[PDB]
$ cat work.txt   # compact mmCIF, C-alpha atoms and all ligand atoms
# COMPACT_ATOMS: atom_id res chain seq x y z
CA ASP B 33 34.81 -129.92 -70.64
CA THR B 34 31.67 -132.07 -70.25
CA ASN B 35 30.82 -130.89 -66.66
CA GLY B 36 27.23 -129.57 -65.99
CA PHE B 37 28.46 -128.89 -62.46
CA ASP B 38 28.00 -125.20 -63.18
CA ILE B 39 24.22 -125.64 -63.10
CA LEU B 40 24.34 -126.99 -59.48
CA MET B 41 26.91 -124.50 -58.28
CA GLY B 42 24.65 -121.72 -59.60
CA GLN B 43 21.63 -122.99 -57.65
CA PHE B 44 23.59 -123.73 -54.53
CA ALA B 45 24.41 -120.03 -54.27
CA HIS B 46 20.85 -119.02 -55.04
CA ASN B 47 19.54 -121.58 -52.53
CA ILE B 48 21.76 -119.68 -50.12
CA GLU B 49 20.63 -116.19 -50.89
CA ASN B 50 17.00 -117.37 -50.75
CA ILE B 51 17.67 -117.98 -47.08
CA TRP B 52 20.69 -115.77 -46.19
CA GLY B 53 20.12 -112.88 -48.65
CA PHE B 54 22.53 -111.85 -51.35
CA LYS B 55 24.82 -110.05 -48.87
CA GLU B 56 25.25 -113.06 -46.60
CA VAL B 57 26.26 -115.46 -49.42
CA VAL B 58 29.45 -117.06 -48.06
CA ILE B 59 30.76 -120.06 -49.94
CA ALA B 60 33.58 -122.61 -50.02
CA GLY B 61 36.90 -121.45 -51.44
CA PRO B 62 40.59 -122.60 -51.36
CA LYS B 63 41.46 -121.17 -47.98
CA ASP B 64 37.94 -121.66 -46.59
CA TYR B 65 35.87 -124.70 -45.83
CA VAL B 66 32.18 -123.82 -45.80
CA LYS B 67 29.38 -126.39 -45.52
CA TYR B 68 25.62 -125.74 -45.34
CA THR B 69 23.19 -128.08 -43.59
CA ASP B 70 19.65 -127.86 -42.10
CA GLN B 71 18.25 -126.79 -45.43
CA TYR B 72 20.99 -124.15 -45.86
CA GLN B 73 20.09 -122.54 -42.52
CA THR B 74 23.42 -123.49 -41.01
CA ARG B 75 26.99 -122.74 -41.88
CA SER B 76 30.21 -124.37 -40.77
CA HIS B 77 33.09 -122.29 -41.99
CA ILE B 78 36.73 -123.10 -41.30
CA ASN B 79 39.13 -120.34 -42.35
CA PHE B 80 42.56 -121.80 -42.87
CA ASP B 81 44.67 -118.72 -42.61
CA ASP B 82 42.83 -116.75 -39.88
CA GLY B 83 42.33 -119.46 -38.61
CA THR B 84 38.92 -119.31 -37.01
CA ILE B 85 35.95 -121.67 -37.05
CA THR B 86 32.79 -119.58 -37.20
CA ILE B 87 29.62 -121.62 -37.03
CA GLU B 88 26.43 -119.63 -37.74
CA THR B 89 22.78 -120.49 -38.15
CA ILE B 90 19.77 -118.50 -39.27
CA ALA B 91 17.08 -120.97 -38.37
CA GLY B 92 14.29 -119.31 -36.40
CA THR B 93 13.43 -122.41 -34.51
CA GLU B 94 15.92 -123.71 -31.92
CA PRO B 95 19.15 -121.93 -33.03
CA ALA B 96 21.26 -123.75 -30.43
CA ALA B 97 20.33 -127.25 -31.36
CA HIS B 98 21.09 -126.37 -34.96
CA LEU B 99 24.41 -124.73 -34.04
CA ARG B 100 25.29 -127.43 -31.53
CA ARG B 101 25.25 -130.17 -34.16
CA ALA B 102 27.42 -128.15 -36.56
CA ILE B 103 30.09 -127.65 -33.89
CA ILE B 104 30.22 -131.34 -33.16
CA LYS B 105 30.25 -132.13 -36.88
CA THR B 106 33.06 -129.65 -37.72
CA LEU B 107 35.24 -130.56 -34.69
CA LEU B 108 35.05 -134.36 -35.27
CA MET B 109 34.86 -134.71 -39.02
CA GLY B 110 37.55 -136.90 -40.49
CA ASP B 111 39.43 -135.53 -43.43
CA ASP B 112 37.89 -137.59 -46.16
CA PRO B 113 37.62 -134.79 -48.72
CA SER B 114 36.38 -137.10 -51.47
CA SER B 115 33.17 -138.07 -49.60
CA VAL B 116 32.38 -134.36 -49.09
CA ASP B 117 30.20 -132.13 -51.23
CA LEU B 118 30.92 -128.58 -50.12
CA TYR B 119 28.13 -127.58 -52.53
CA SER B 120 25.14 -129.44 -51.19
CA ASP B 121 23.23 -128.97 -47.93
CA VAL B 122 23.30 -132.73 -47.89
CA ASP B 123 24.73 -134.43 -44.77
CA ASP B 124 28.28 -135.69 -45.45
CA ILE B 125 28.43 -138.09 -42.52
CA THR B 126 32.15 -137.86 -42.04
CA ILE B 127 32.40 -138.43 -38.27
CA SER B 128 35.70 -140.08 -37.53
CA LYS B 129 37.86 -141.19 -34.63
CA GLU B 130 40.61 -139.35 -36.51
CA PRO B 131 39.32 -135.75 -36.84
CA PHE B 132 40.91 -133.50 -39.43
CA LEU B 133 41.10 -130.64 -36.86
CA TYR B 134 42.55 -132.85 -34.04
CA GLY B 135 45.66 -131.02 -32.90
CA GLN B 136 44.42 -127.82 -34.59
CA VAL B 137 41.70 -126.62 -32.19
CA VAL B 138 41.35 -127.14 -28.41
CA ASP B 139 38.79 -127.22 -25.55
CA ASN B 140 38.26 -124.30 -23.21
CA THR B 141 40.06 -126.85 -21.05
CA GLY B 142 42.95 -126.54 -23.50
CA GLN B 143 42.79 -130.16 -24.74
CA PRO B 144 42.31 -131.70 -28.27
CA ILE B 145 38.80 -132.74 -29.24
CA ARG B 146 38.54 -136.27 -30.45
CA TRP B 147 35.36 -137.87 -29.28
CA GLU B 148 31.70 -136.75 -29.04
CA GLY B 149 31.99 -136.32 -25.26
CA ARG B 150 34.45 -133.41 -25.44
CA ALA B 151 32.98 -132.19 -28.68
CA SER B 152 29.57 -132.05 -26.94
CA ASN B 153 31.15 -130.17 -24.06
CA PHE B 154 33.09 -127.71 -26.11
CA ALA B 155 29.91 -127.13 -28.01
CA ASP B 156 27.80 -126.68 -24.90
CA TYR B 157 30.33 -124.35 -23.38
CA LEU B 158 30.29 -122.14 -26.45
CA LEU B 159 26.45 -122.05 -26.67
CA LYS B 160 26.10 -121.02 -23.02
CA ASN B 161 29.20 -118.82 -22.83
CA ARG B 162 30.30 -117.63 -26.30
CA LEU B 163 27.09 -117.22 -28.32
CA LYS B 164 26.63 -114.17 -30.52
CA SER B 165 24.15 -112.39 -32.72
CA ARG B 166 23.99 -110.22 -35.78
CA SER B 167 21.25 -109.53 -38.31
CA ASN B 168 20.63 -110.02 -42.03
CA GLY B 169 18.79 -106.81 -41.79
CA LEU B 170 15.88 -109.20 -41.64
CA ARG B 171 16.52 -112.15 -39.37
CA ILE B 172 18.93 -112.72 -36.50
CA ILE B 173 21.94 -114.90 -37.21
CA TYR B 174 23.29 -116.84 -34.24
CA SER B 175 27.04 -117.41 -34.18
CA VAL B 176 29.74 -119.34 -32.35
CA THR B 177 33.39 -118.60 -33.05
CA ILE B 178 36.43 -120.78 -32.23
CA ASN B 179 40.06 -119.90 -32.67
CA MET B 180 42.41 -122.67 -33.74
CA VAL B 181 45.77 -123.31 -32.16
CA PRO B 182 48.26 -120.58 -33.26
CA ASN B 183 50.39 -123.04 -35.23
CA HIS B 184 47.39 -124.74 -36.82
CA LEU B 185 49.07 -124.08 -40.27
CA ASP B 186 52.28 -125.96 -39.63
CA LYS B 187 50.23 -128.48 -37.70
CA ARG B 188 48.22 -128.92 -40.91
CA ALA B 189 51.21 -128.70 -43.17
CA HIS B 190 52.58 -131.70 -41.18
CA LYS B 191 50.03 -134.05 -42.72
CA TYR B 192 51.53 -133.62 -46.16
CA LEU B 193 55.29 -133.71 -45.65
CA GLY B 194 55.70 -137.46 -46.44
CA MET B 195 53.79 -136.65 -49.58
CA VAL B 196 55.81 -133.53 -50.36
CA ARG B 197 59.04 -135.43 -49.73
CA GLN B 198 58.18 -138.31 -52.09
CA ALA B 199 57.05 -136.00 -54.90
CA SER B 200 60.03 -133.75 -54.47
CA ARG B 201 62.57 -136.48 -55.27
CA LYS B 202 60.49 -138.16 -57.93
CA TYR B 203 60.34 -135.01 -60.07
CA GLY B 204 63.33 -133.13 -58.79
CA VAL B 205 61.30 -130.20 -57.37
CA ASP B 206 62.41 -128.54 -54.14
CA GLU B 207 60.00 -129.32 -51.25
CA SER B 208 60.26 -125.67 -50.32
CA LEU B 209 58.68 -124.71 -53.63
CA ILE B 210 56.09 -127.41 -53.20
CA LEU B 211 55.20 -126.16 -49.71
CA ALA B 212 55.36 -122.48 -50.48
CA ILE B 213 52.90 -122.99 -53.29
CA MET B 214 50.83 -125.59 -51.47
CA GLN B 215 50.64 -123.14 -48.56
CA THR B 216 49.96 -120.10 -50.67
CA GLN B 217 47.35 -121.89 -52.77
CA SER B 218 45.33 -123.67 -50.10
CA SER B 219 46.86 -122.94 -46.70
CA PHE B 220 47.07 -126.75 -46.59
CA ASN B 221 43.34 -127.07 -47.02
CA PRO B 222 42.49 -130.52 -48.37
CA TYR B 223 38.93 -129.30 -48.96
CA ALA B 224 40.27 -126.42 -51.09
CA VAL B 225 38.26 -125.64 -54.22
CA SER B 226 38.35 -122.63 -56.51
CA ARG B 227 35.75 -120.63 -58.41
CA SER B 228 37.56 -121.76 -61.52
CA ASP B 229 37.56 -125.29 -60.07
CA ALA B 230 41.15 -125.52 -59.17
CA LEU B 231 41.04 -128.40 -56.70
CA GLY B 232 42.68 -129.67 -53.55
CA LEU B 233 45.82 -128.99 -51.61
CA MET B 234 47.83 -127.64 -54.55
CA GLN B 235 44.80 -126.08 -56.25
CA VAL B 236 45.05 -128.01 -59.53
CA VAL B 237 42.42 -127.65 -62.28
CA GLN B 238 41.63 -130.93 -64.10
CA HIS B 239 41.67 -129.53 -67.67
CA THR B 240 44.98 -127.53 -67.81
CA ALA B 241 47.78 -128.77 -65.54
CA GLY B 242 46.02 -132.02 -64.80
CA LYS B 243 45.82 -132.79 -68.52
CA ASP B 244 49.35 -131.72 -69.30
CA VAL B 245 50.58 -133.78 -66.41
CA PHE B 246 48.59 -136.82 -67.28
CA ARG B 247 49.97 -136.22 -70.76
CA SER B 248 53.39 -136.72 -69.38
CA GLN B 249 53.28 -140.02 -67.52
CA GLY B 250 51.53 -141.24 -70.60
CA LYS B 251 47.99 -141.12 -69.59
CA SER B 252 45.32 -140.25 -72.09
CA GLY B 253 42.46 -138.29 -70.59
CA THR B 254 42.18 -136.22 -67.50
CA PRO B 255 42.43 -136.34 -63.68
CA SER B 256 39.35 -137.39 -61.73
CA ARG B 257 37.83 -135.12 -58.96
CA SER B 258 38.36 -137.88 -56.48
CA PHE B 259 41.89 -138.13 -57.74
CA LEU B 260 42.74 -134.49 -56.92
CA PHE B 261 40.94 -134.73 -53.59
CA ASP B 262 43.54 -137.36 -52.72
CA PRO B 263 46.31 -135.36 -51.05
CA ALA B 264 48.85 -138.01 -52.21
CA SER B 265 47.91 -137.53 -55.85
CA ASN B 266 47.20 -133.73 -55.86
CA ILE B 267 50.66 -133.28 -54.48
CA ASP B 268 51.99 -135.70 -56.99
CA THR B 269 50.41 -133.75 -59.70
CA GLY B 270 50.94 -130.10 -58.76
CA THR B 271 54.57 -131.06 -58.40
CA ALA B 272 54.65 -132.85 -61.72
CA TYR B 273 53.48 -129.60 -63.23
CA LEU B 274 56.14 -127.57 -61.40
CA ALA B 275 58.71 -129.92 -62.91
CA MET B 276 57.12 -129.35 -66.25
CA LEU B 277 57.03 -125.61 -66.22
CA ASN B 278 60.72 -125.81 -65.57
CA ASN B 279 62.01 -128.57 -67.97
CA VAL B 280 59.87 -127.62 -71.00
CA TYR B 281 57.72 -124.51 -70.88
CA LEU B 282 60.04 -122.10 -69.10
CA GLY B 283 63.21 -124.10 -69.79
CA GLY B 284 64.38 -121.56 -72.37
CA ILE B 285 64.95 -119.20 -69.42
CA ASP B 286 68.73 -119.45 -68.71
CA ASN B 287 69.07 -118.26 -65.18
CA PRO B 288 67.64 -120.69 -62.66
CA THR B 289 66.71 -118.07 -60.09
CA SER B 290 64.89 -116.20 -62.87
CA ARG B 291 63.34 -119.41 -64.15
CA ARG B 292 61.90 -120.26 -60.73
CA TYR B 293 60.10 -116.86 -60.63
CA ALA B 294 58.67 -117.63 -64.01
CA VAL B 295 57.67 -121.08 -62.79
CA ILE B 296 55.91 -119.75 -59.72
CA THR B 297 53.94 -117.08 -61.54
CA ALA B 298 53.30 -119.58 -64.29
CA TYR B 299 52.07 -122.10 -61.77
CA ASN B 300 49.28 -119.61 -61.08
CA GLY B 301 48.53 -117.97 -64.45
CA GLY B 302 50.20 -120.13 -67.13
CA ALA B 303 53.60 -120.11 -68.84
CA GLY B 304 52.13 -118.48 -71.92
CA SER B 305 50.99 -115.54 -69.77
CA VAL B 306 54.41 -115.31 -68.16
CA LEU B 307 56.34 -115.39 -71.38
CA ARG B 308 53.84 -112.86 -72.79
CA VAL B 309 54.98 -110.13 -70.43
CA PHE B 310 58.20 -109.87 -72.46
CA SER B 311 57.32 -111.01 -75.98
CA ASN B 312 54.44 -112.66 -77.79
CA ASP B 313 57.19 -114.78 -79.29
CA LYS B 314 58.14 -117.54 -76.84
CA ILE B 315 61.75 -117.37 -78.03
CA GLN B 316 62.05 -113.58 -77.98
CA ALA B 317 60.50 -113.78 -74.49
CA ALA B 318 63.18 -116.15 -73.20
CA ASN B 319 65.83 -113.97 -74.90
CA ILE B 320 64.62 -110.93 -72.95
CA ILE B 321 64.64 -112.66 -69.54
CA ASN B 322 68.17 -113.80 -70.27
CA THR B 323 68.88 -110.05 -70.80
CA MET B 324 67.89 -109.54 -67.13
CA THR B 325 68.96 -110.12 -63.53
CA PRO B 326 66.66 -112.46 -61.59
CA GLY B 327 65.63 -109.47 -59.48
CA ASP B 328 64.47 -107.49 -62.52
CA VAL B 329 62.63 -110.53 -63.74
CA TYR B 330 61.07 -110.66 -60.33
CA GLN B 331 60.35 -106.94 -60.45
CA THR B 332 58.82 -107.31 -63.89
CA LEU B 333 56.68 -110.34 -63.11
CA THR B 334 55.67 -108.49 -59.92
CA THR B 335 54.87 -105.14 -61.58
CA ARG B 336 53.77 -105.90 -65.19
CA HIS B 337 52.09 -109.37 -65.07
CA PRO B 338 48.51 -108.86 -66.29
CA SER B 339 46.85 -110.68 -63.39
CA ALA B 340 46.52 -108.89 -59.99
CA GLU B 341 46.20 -112.29 -58.35
CA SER B 342 49.53 -113.36 -60.04
CA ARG B 343 51.53 -110.28 -59.00
CA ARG B 344 50.45 -110.54 -55.36
CA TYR B 345 51.30 -114.23 -55.45
CA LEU B 346 54.93 -114.14 -56.44
CA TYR B 347 55.79 -112.31 -53.21
CA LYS B 348 53.56 -114.82 -51.41
CA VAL B 349 55.30 -117.93 -52.77
CA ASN B 350 58.74 -116.39 -52.90
CA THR B 351 58.34 -115.33 -49.27
CA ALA B 352 56.87 -118.61 -48.02
CA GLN B 353 59.77 -120.50 -49.68
CA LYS B 354 62.48 -118.56 -47.71
CA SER B 355 60.90 -119.96 -44.58
CA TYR B 356 60.76 -123.55 -45.93
CA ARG B 357 64.28 -123.52 -47.54
CA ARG B 358 66.23 -124.56 -44.43
CA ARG B 359 66.39 -127.87 -42.52
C1 LIG Z 1 43.89 -119.56 -57.05
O1 LIG Z 1 44.02 -120.83 -57.42
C2 LIG Z 1 44.15 -121.09 -58.78
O2 LIG Z 1 45.44 -121.57 -58.99
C3 LIG Z 1 45.66 -122.38 -60.06
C4 LIG Z 1 47.09 -122.55 -59.80
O3 LIG Z 1 47.00 -122.91 -58.50
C5 LIG Z 1 45.33 -121.62 -61.31
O4 LIG Z 1 45.36 -122.54 -62.37
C6 LIG Z 1 46.39 -122.30 -63.33
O5 LIG Z 1 45.79 -121.64 -64.36
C7 LIG Z 1 46.49 -121.45 -65.54
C8 LIG Z 1 45.42 -120.99 -66.31
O6 LIG Z 1 45.41 -119.74 -65.85
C9 LIG Z 1 46.86 -122.75 -66.09
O7 LIG Z 1 47.75 -122.50 -67.14
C10 LIG Z 1 47.36 -122.79 -68.43
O8 LIG Z 1 47.82 -124.05 -68.49
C11 LIG Z 1 47.64 -124.78 -69.64
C12 LIG Z 1 48.09 -126.15 -69.31
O9 LIG Z 1 49.44 -126.21 -69.22
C13 LIG Z 1 48.37 -124.07 -70.75
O10 LIG Z 1 47.95 -124.62 -71.96
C14 LIG Z 1 48.93 -125.49 -72.32
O11 LIG Z 1 49.81 -124.63 -72.97
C15 LIG Z 1 50.85 -125.19 -73.78
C16 LIG Z 1 51.56 -124.24 -74.61
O12 LIG Z 1 52.50 -123.68 -73.82
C17 LIG Z 1 50.29 -126.16 -74.71
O13 LIG Z 1 51.36 -126.95 -74.96
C18 LIG Z 1 49.49 -127.10 -73.97
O14 LIG Z 1 49.03 -128.04 -74.82
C19 LIG Z 1 48.35 -126.45 -73.26
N1 LIG Z 1 47.87 -127.62 -72.72
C20 LIG Z 1 46.54 -127.82 -72.39
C21 LIG Z 1 46.03 -129.08 -71.84
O15 LIG Z 1 45.79 -126.99 -72.58
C22 LIG Z 1 47.97 -122.60 -70.76
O16 LIG Z 1 48.82 -121.90 -71.51
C23 LIG Z 1 48.68 -121.88 -72.91
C24 LIG Z 1 50.05 -121.97 -73.49
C25 LIG Z 1 48.03 -120.87 -73.43
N2 LIG Z 1 48.62 -119.70 -73.87
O17 LIG Z 1 46.83 -120.93 -73.50
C26 LIG Z 1 48.15 -122.00 -69.41
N3 LIG Z 1 47.61 -120.73 -69.39
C27 LIG Z 1 48.25 -119.64 -69.84
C28 LIG Z 1 47.63 -118.33 -69.76
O18 LIG Z 1 49.27 -119.70 -70.30
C29 LIG Z 1 47.57 -123.53 -65.05
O19 LIG Z 1 47.56 -124.73 -65.61
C30 LIG Z 1 46.83 -123.61 -63.73
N4 LIG Z 1 47.76 -124.06 -62.78
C31 LIG Z 1 47.50 -125.24 -62.07
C32 LIG Z 1 48.37 -125.79 -61.07
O20 LIG Z 1 46.60 -125.87 -62.26
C33 LIG Z 1 43.95 -120.95 -61.14
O21 LIG Z 1 43.68 -120.14 -62.21
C34 LIG Z 1 42.60 -119.91 -62.88
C35 LIG Z 1 42.04 -121.11 -63.61
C36 LIG Z 1 42.68 -118.53 -63.46
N5 LIG Z 1 43.93 -118.05 -63.67
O22 LIG Z 1 41.69 -117.90 -63.70
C37 LIG Z 1 43.96 -120.12 -59.87
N6 LIG Z 1 42.87 -119.28 -59.70
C38 LIG Z 1 41.53 -119.43 -59.49
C39 LIG Z 1 40.89 -118.13 -59.40
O23 LIG Z 1 40.95 -120.43 -59.36

$ encode --input "work.txt" --output "structure tokens" --more "lines below"
Ligand SMILES: CO[C@@H]1O[C@H](CO)[C@@H](O[C@@H]2O[C@H](CO)[C@@H](O[C@@H]3O[C@H](CO)[C@@H](O[C@@H]4O[C@H](CO)[C@@H](O)[C@H](O)[C@H]4NC(C)=O)[C@H](O[C@H](C)C(N)=O)[C@H]3NC(C)=O)[C@H](O)[C@H]2NC(C)=O)[C@H](O[C@H](C)C(N)=O)[C@H]1NC(C)=O
Amino acid sequence: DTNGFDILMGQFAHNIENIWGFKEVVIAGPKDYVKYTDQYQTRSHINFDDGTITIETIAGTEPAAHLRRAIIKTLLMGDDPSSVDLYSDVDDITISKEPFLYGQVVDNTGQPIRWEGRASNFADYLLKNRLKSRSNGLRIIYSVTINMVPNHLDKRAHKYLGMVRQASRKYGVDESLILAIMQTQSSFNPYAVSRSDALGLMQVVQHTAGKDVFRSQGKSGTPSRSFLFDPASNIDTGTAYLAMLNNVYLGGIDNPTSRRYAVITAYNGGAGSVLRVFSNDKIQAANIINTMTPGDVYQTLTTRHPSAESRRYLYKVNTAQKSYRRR
């Protein structure tokens, strides 16, 4: 904890409200790419579970030209998440021949956008034929909205399978778990970043799981930001932690179906917080879960776990897994 990132993050938001007003302060999250440009007068927001691509501007002077350029930028940007500050209005020149959204959003024509020529056209279509308006209360906000292909999620999840597969055998963790979580945590968003700076596809925070993992493997110190914005490594690492919550921390839990529930919950709020729903004594806790049927452990973790986020998440990961279980 020697960051000082907090000071920038705090003035990013305020830079926003200075222009957008407190009510219109939208910002990057796990399931939402959001990038300001044009001195914070322009927003490119990808929503990875809706999954829409609203581009808005509030510049007074030439709204279209401002919008235009965001559309082309969002549609063509290559998925280099490491070269990308989702907290500056600085230009992350990430134009690639291999767009991150290629396969995930289409022309009005119905084709994939790959080069500036179609990107320009999809843009120009939308500015002449899909433009919209709302108000701050103060200024008009001009908006374009783009829906992504209906299976954008499993089209996005496809990038990370080779990674999930490798990490699943290395550590012993079911890919289904890895995907369920990865899905639930980021909707497969490589740009994913939390308010509590959990990072990347598996929403991993450097100074808890990232430390403990690095502490296995035999690595003094702590995972780099770039490191977690490598899908290959973030998936390595979230998985490594899943292994860990199961071998050590929640390994005193007898029943493996019960243990998984603990693991999942724990993956989101810590093993200490899981065990602490039964006893403040980590042994007594394990003893009590072994008193139970995996369904009552589920129904406990789902009803009595202190975090709202963590109760609503078990059903999310447990449910996503059922889908991923079969091949
Ligand atoms: C929405 O996305 C966010 O998700 C990630 C998961 O995706 C959330 O991050 C999880 O947050 C947990 C903190 O809430 C964190 O667990 C804490 O983990 C550490 C590390 O293992 C535990 O401390 C270790 O504890 C053992 C003792 O059991 C000691 O041996 C170790 O030495 C400790 N090691 C280190 C390095 O500290 C900590 O538990 C201990 C025991 C404790 N009682 O303090 C554990 N927390 C709790 C309550 O038990 C997870 O590590 C992390 N998961 C991942 C993958 O990173 C994130 O949560 C935030 C930060 C939150 N809950 O507010 C999610 N949410 C947001 C909003 O961003």

$ axis_aligned_box --input "work.txt" --around "ligand LIG 1 (chain Z)" --padding-each-side "4 Å" --output "JSON"
{"center_x": 46.7, "center_y": -123.5, "center_z": -66.0, "size_x": 19.6, "size_y": 19.2, "size_z": 25.9}

$ closest_atom_pairs --input "work.txt" --of "chain B" --to "ligand LIG 1 (chain Z)" --cutoff "8 Å" --atoms "only C-alpha atoms and all ligand atoms" --output "CSV"
residue,atom,partner,partner_atom,distance
B:62,CA,Z:LIG1,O1,7.2
B:213,CA,Z:LIG1,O3,7.9
B:217,CA,Z:LIG1,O1,5.8
B:218,CA,Z:LIG1,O1,8.0
B:225,CA,Z:LIG1,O23,7.8
B:226,CA,Z:LIG1,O23,4.4
B:227,CA,Z:LIG1,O23,5.3
B:228,CA,Z:LIG1,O23,4.2
B:229,CA,Z:LIG1,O23,6.0
B:230,CA,Z:LIG1,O23,5.1
B:234,CA,Z:LIG1,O3,6.2
B:235,CA,Z:LIG1,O3,4.5
B:236,CA,Z:LIG1,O20,3.8
B:237,CA,Z:LIG1,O20,4.5
B:238,CA,Z:LIG1,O20,7.3
B:239,CA,Z:LIG1,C21,6.0
B:240,CA,Z:LIG1,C12,3.7
B:241,CA,Z:LIG1,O19,4.0
B:242,CA,Z:LIG1,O20,6.7
B:243,CA,Z:LIG1,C21,5.0
B:244,CA,Z:LIG1,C21,4.9
B:270,CA,Z:LIG1,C32,5.5
B:273,CA,Z:LIG1,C32,6.7
B:274,CA,Z:LIG1,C32,8.0
B:281,CA,Z:LIG1,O12,6.0
B:298,CA,Z:LIG1,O7,6.9
B:299,CA,Z:LIG1,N4,4.8
B:300,CA,Z:LIG1,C4,3.9
B:301,CA,Z:LIG1,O6,3.9
B:302,CA,Z:LIG1,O18,3.3
B:303,CA,Z:LIG1,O18,4.6
B:304,CA,Z:LIG1,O18,3.5
B:305,CA,Z:LIG1,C28,4.4
B:306,CA,Z:LIG1,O18,7.1
B:339,CA,Z:LIG1,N5,7.9
B:341,CA,Z:LIG1,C1,7.7

$ residues_around --input "work.txt" --residues "residue 329 of chain B" --least-positions-apart "3" --cutoff "12 Å" --atoms "only C-alpha atoms" --output "VMD selection string"
chain B and resid 285 to 295 297 306 to 307 309 to 310 317 to 318 320 to 326 332 to 337 346

$ residues_around --input "work.txt" --residues "segment 76-87 of chain B" --least-positions-apart "2" --cutoff "7 Å" --atoms "all atoms listed in the file" --output "VMD selection string"
chain B and resid 63 to 68 74 99 102 to 103 106 175 to 180 219 221

$ residues_around --input "work.txt" --residues "residue 156 of chain B" --least-positions-apart "6" --cutoff "10 Å" --atoms "only C-alpha atoms" --output "compact mmCIF listing (two decimals) with C-alpha atoms, keeping the file's coordinate frame"
# COMPACT_ATOMS: atom_id res chain seq x y z
CA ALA B 96 21.26 -123.75 -30.43
CA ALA B 97 20.33 -127.25 -31.36
CA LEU B 99 24.41 -124.73 -34.04
CA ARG B 100 25.29 -127.43 -31.53
CA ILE B 103 30.09 -127.65 -33.89
CA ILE B 104 30.22 -131.34 -33.16
CA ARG B 150 34.45 -133.41 -25.44
CA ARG B 162 30.30 -117.63 -26.30

$ atom_distance --input "work.txt" --atom1 "atom CA of residue 108 of chain B" --atom2 "atom CA of residue 196 of chain B"
25.7 Å

$ residues_around --input "work.txt" --residues "residue 264 of chain B" --least-positions-apart "6" --cutoff "12 Å" --atoms "all atoms listed in the file" --output "compact mmCIF listing (two decimals) with C-alpha atoms, keeping the file's coordinate frame"
# COMPACT_ATOMS: atom_id res chain seq x y z
CA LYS B 191 50.03 -134.05 -42.72
CA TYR B 192 51.53 -133.62 -46.16
CA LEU B 193 55.29 -133.71 -45.65
CA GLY B 194 55.70 -137.46 -46.44
CA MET B 195 53.79 -136.65 -49.58
CA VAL B 196 55.81 -133.53 -50.36
CA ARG B 197 59.04 -135.43 -49.73
CA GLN B 198 58.18 -138.31 -52.09
CA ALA B 199 57.05 -136.00 -54.90
CA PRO B 222 42.49 -130.52 -48.37
CA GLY B 232 42.68 -129.67 -53.55
CA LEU B 233 45.82 -128.99 -51.61
CA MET B 234 47.83 -127.64 -54.55
CA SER B 258 38.36 -137.88 -56.48
CA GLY B 270 50.94 -130.10 -58.76
CA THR B 271 54.57 -131.06 -58.40

$ closest_residue --input "work.txt" --among "B:183, B:259, B:282, B:246" --to "residue 315 of chain B" --atoms "only C-alpha atoms"
B:282

$ residues_near_point --input "work.txt" --point "(39.1, -134.5, -43.9)" --cutoff "8 Å" --atoms "only C-alpha atoms" --output "PyMOL selection string"
chain B and resi 109-113+126+131-132+222-223

$ atom_distance --input "work.txt" --atom1 "atom CA of residue 54 of chain B" --atom2 "atom CA of residue 93 of chain B"
21.9 Å

$ closest_residue --input "work.txt" --among "B:338, B:69, B:89, B:152" --to "residue 164 of chain B" --atoms "all atoms listed in the file"
B:89

$ closest_residue --input "work.txt" --among "B:277, B:60, B:340, B:145" --to "residue 44 of chain B" --atoms "only C-alpha atoms"
B:60

$ closest_residue --input "work.txt" --among "B:40, B:296, B:90, B:276" --to "residue 209 of chain B" --atoms "only C-alpha atoms"
B:296

$ closest_residue --input "work.txt" --among "B:245, B:216, B:58, B:284" --to "residue 349 of chain B" --atoms "only C-alpha atoms"
B:216
